[PDB]
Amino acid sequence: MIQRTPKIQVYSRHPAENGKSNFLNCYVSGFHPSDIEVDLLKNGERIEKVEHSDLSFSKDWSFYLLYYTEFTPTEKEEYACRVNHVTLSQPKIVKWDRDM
C-alpha cells in the first residue's frame, strides 16, 4: 500500500478567449488513495455549483484533481479550498491569496 498527502494550490485564471470571466481553481495533486473530498468555500461556506471537476492519474498510485468554477470576487470576500483525505487528520483549508 502507499498513501500520499495531496498538495493543494488555490488560484484564479481568466480564459484567454473570454478574459472578462474569472475562475477560482483548486488543484489537488499527487495524492493516494484516490478517495477524497474537495470543496470551494466562500466566506467559509461550501460553494454548491462547481462546474468543472477533472480527475486524472499518472502512475497508478498518483491522482490529480482540478476543481474549478466561474466566480466574481470582491475584496471583502474570502475564498478557499477545503480538502479531506485519509492522510489529513483534520480538513485542510487553503485560503485563496487574492493576488494569485
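Each residue number is its position in the shown sequence, starting from 1.
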property: Of 34-42 and 71-79, the one with larger mean CA B-factor; result: 71-79
property: Mean C-alpha B-factor comparison - 89-97 and 2-10, higher one; result: 89-97
property: Chain third (lowest, middle, highest) by recorded CA B-factor, residue given as residue 61; result: highest
property: Chain-relative CA temperature factor third for residue 55; result: middle
